[PDB]
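Asker: File structure03.pdb below, PDB, C-alpha atoms and all ligand atoms:
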```pdb
ATOM      1  CA  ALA A   1      -4.665  -6.893   4.962  1.00  0.00           C
ATOM      2  CA  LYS A   2      -0.969  -6.601   4.179  1.00  0.00           C
ATOM      3  CA  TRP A   3       0.331  -5.379   0.834  1.00  0.00           C
ATOM      4  CA  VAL A   4       3.815  -5.263  -0.660  1.00  0.00           C
ATOM      5  CA  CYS A   5       5.767  -3.419  -3.320  1.00  0.00           C
ATOM      6  CA  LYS A   6       6.617  -5.937  -6.021  1.00  0.00           C
ATOM      7  CA  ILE A   7       9.315  -3.545  -7.130  1.00  0.00           C
ATOM      8  CA  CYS A   8      11.482  -2.387  -4.257  1.00  0.00           C
ATOM      9  CA  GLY A   9      10.247  -4.796  -1.604  1.00  0.00           C
ATOM     10  CA  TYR A  10       8.541  -2.202   0.563  1.00  0.00           C
ATOM     11  CA  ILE A  11       5.327  -3.129   2.349  1.00  0.00           C
ATOM     12  CA  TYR A  12       1.994  -1.582   3.257  1.00  0.00           C
ATOM     13  CA  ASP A  13       0.081  -2.726   6.323  1.00  0.00           C
ATOM     14  CA  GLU A  14      -3.544  -1.623   6.295  1.00  0.00           C
ATOM     15  CA  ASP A  15      -3.306  -2.107  10.042  1.00  0.00           C
ATOM     16  CA  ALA A  16      -0.383   0.203  10.712  1.00  0.00           C
ATOM     17  CA  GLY A  17      -1.755   2.398   7.940  1.00  0.00           C
ATOM     18  CA  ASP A  18       0.381   5.159   6.462  1.00  0.00           C
ATOM     19  CA  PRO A  19      -0.036   8.459   8.402  1.00  0.00           C
ATOM     20  CA  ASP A  20       3.256   9.353   6.745  1.00  0.00           C
ATOM     21  CA  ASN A  21       1.322  10.023   3.552  1.00  0.00           C
ATOM     22  CA  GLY A  22      -2.119  10.619   5.022  1.00  0.00           C
ATOM     23  CA  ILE A  23      -3.398   7.126   5.750  1.00  0.00           C
ATOM     24  CA  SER A  24      -5.139   6.111   8.961  1.00  0.00           C
ATOM     25  CA  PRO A  25      -4.584   2.706  10.674  1.00  0.00           C
ATOM     26  CA  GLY A  26      -7.496   0.815   9.149  1.00  0.00           C
ATOM     27  CA  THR A  27      -7.649   2.163   5.612  1.00  0.00           C
ATOM     28  CA  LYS A  28      -8.036  -0.330   2.782  1.00  0.00           C
ATOM     29  CA  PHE A  29      -5.819  -0.924  -0.236  1.00  0.00           C
ATOM     30  CA  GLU A  30      -8.202   0.235  -2.944  1.00  0.00           C
ATOM     31  CA  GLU A  31      -9.583   2.568  -0.305  1.00  0.00           C
ATOM     32  CA  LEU A  32      -6.344   4.498  -0.660  1.00  0.00           C
ATOM     33  CA  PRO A  33      -5.859   7.705  -2.734  1.00  0.00           C
ATOM     34  CA  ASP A  34      -5.711   7.544  -6.520  1.00  0.00           C
ATOM     35  CA  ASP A  35      -2.317   9.229  -6.397  1.00  0.00           C
ATOM     36  CA  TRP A  36      -1.101   6.828  -3.730  1.00  0.00           C
ATOM     37  CA  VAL A  37       2.209   5.475  -4.986  1.00  0.00           C
ATOM     38  CA  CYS A  38       5.176   3.787  -3.335  1.00  0.00           C
ATOM     39  CA  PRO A  39       6.676   5.890  -0.481  1.00  0.00           C
ATOM     40  CA  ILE A  40       9.977   4.494  -1.721  1.00  0.00           C
ATOM     41  CA  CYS A  41      10.370   3.828  -5.422  1.00  0.00           C
ATOM     42  CA  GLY A  42       7.429   5.920  -6.581  1.00  0.00           C
ATOM     43  CA  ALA A  43       5.621   2.919  -8.023  1.00  0.00           C
ATOM     44  CA  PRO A  44       1.837   3.632  -7.951  1.00  0.00           C
ATOM     45  CA  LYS A  45      -0.373   1.236  -6.020  1.00  0.00           C
ATOM     46  CA  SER A  46      -0.770  -0.637  -9.291  1.00  0.00           C
ATOM     47  CA  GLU A  47       2.671  -2.020  -8.507  1.00  0.00           C
ATOM     48  CA  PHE A  48       1.800  -3.333  -5.058  1.00  0.00           C
ATOM     49  CA  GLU A  49       1.266  -7.061  -4.617  1.00  0.00           C
ATOM     50  CA  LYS A  50      -0.769  -8.604  -1.815  1.00  0.00           C
ATOM     51  CA  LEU A  51       0.386 -11.061   0.831  1.00  0.00           C
ATOM     52  CA  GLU A  52      -2.693 -13.123   0.035  1.00  0.00           C
ATOM     53  CA  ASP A  53      -5.802 -11.776   1.730  1.00  0.00           C
TER      54      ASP A  53
HETATM   55 ZN    ZN A 101       8.472   0.430  -4.173  1.00  0.00          ZN
END
```
Please lay out the structure from this file as structure tokens.
Answerer:
Amino acid sequence: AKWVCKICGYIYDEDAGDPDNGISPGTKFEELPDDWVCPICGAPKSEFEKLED
């Protein structure tokens, strides 16, 4: 599953994960932290659109 920031235009890839902020390659969107926000703009995951999946 790929996600996107519908603010800044950043992207999450549940493949590539996010070890940068303590995500492993194969973590899910809503299987992220509560306090997981945008690594860029600081928009919480509430502000992250999907790429349809
Ligand atoms: Zn953002």
Asker: Between A:14, A:47, A:35, A:20, which one has atoms that come closest to ligand ZN 101 (chain A), using only C-alpha atoms and all ligand atoms?
Answerer: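 With only C-alpha atoms and all ligand atoms as the atom set, the closest residue is A:47.
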Asker: With distances taken over all atoms listed in the file, which of A:28, A:33, A:49, A:23 is nearest to residue 1 of chain A?
Answerer: A:28
Asker: Using all atoms listed in the file, find the one residue out of A:6, A:26, A:17, A:53 that sits nearest to residue 38 of chain A.
Answerer: A:6
Asker: Which value, in Å to one decimal, gives the distance between atom CA of residue 7 of chain A and atom ZN of ligand ZN 101 (chain A)?
Answerer: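 So the two atoms, atom CA of residue 7 of chain A and atom ZN of ligand ZN 101 (chain A), lie 5.0 Å apart.
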Asker: Using the chain letters and numbers from the file, which residues does the PyMOL selection byres (((chain A and resi 10) around 9) and not hetatm) grab, as a ChimeraX atom specification?
Answerer: /A:3-9,11-12,38-41,48
Asker: Got time to write the residues from that selection, C-alpha atoms, as a short mmCIF file (atom, residue, chain, number, x, y, z; two decimals), keeping the file's coordinate frame?
Answerer:
```
data_model
loop_
_atom_site.label_atom_id
_atom_site.label_comp_id
_atom_site.auth_asym_id
_atom_site.auth_seq_id
_atom_site.Cartn_x
_atom_site.Cartn_y
_atom_site.Cartn_z
CA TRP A 3 0.33 -5.38 0.83
CA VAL A 4 3.82 -5.26 -0.66
CA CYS A 5 5.77 -3.42 -3.32
CA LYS A 6 6.62 -5.94 -6.02
CA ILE A 7 9.32 -3.54 -7.13
CA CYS A 8 11.48 -2.39 -4.26
CA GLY A 9 10.25 -4.80 -1.60
CA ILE A 11 5.33 -3.13 2.35
CA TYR A 12 1.99 -1.58 3.26
CA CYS A 38 5.18 3.79 -3.34
CA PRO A 39 6.68 5.89 -0.48
CA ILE A 40 9.98 4.49 -1.72
CA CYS A 41 10.37 3.83 -5.42
CA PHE A 48 1.80 -3.33 -5.06
#
```
Asker: Please determine an axis-aligned box that encloses all atoms of segment 6-18 of chain A listed in the file, with 3 Å added on each side, and express its centre and edge lengths in Å to one decimal as JSON.
Answerer:
```
{"center_x": 4.0, "center_y": -0.4, "center_z": 1.8, "size_x": 21.0, "size_y": 17.1, "size_z": 23.8}
```
Asker: With distances taken over all atoms listed in the file, which of A:2, A:25, A:45, A:30 is nearest to ligand ZN 101 (chain A)?
Answerer: A:45
Asker: If I take atom CA of residue 51 of chain A and atom CA of residue 22 of chain A, how far is one from the other in Å, to one decimal?
Answerer: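 Going from atom CA of residue 51 of chain A over to atom CA of residue 22 of chain A covers 22.2 Å.
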Asker: Work out how far atom CA of residue 13 of chain A is from atom CA of residue 27 of chain A, in Å to one decimal.
Answerer: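 So the two atoms, atom CA of residue 27 of chain A and atom CA of residue 13 of chain A, lie 9.2 Å apart.
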Asker: Nearest residue to ligand ZN 101 (chain A) out of A:16, A:37, A:29, A:24, using all atoms listed in the file?
Answerer: A:37
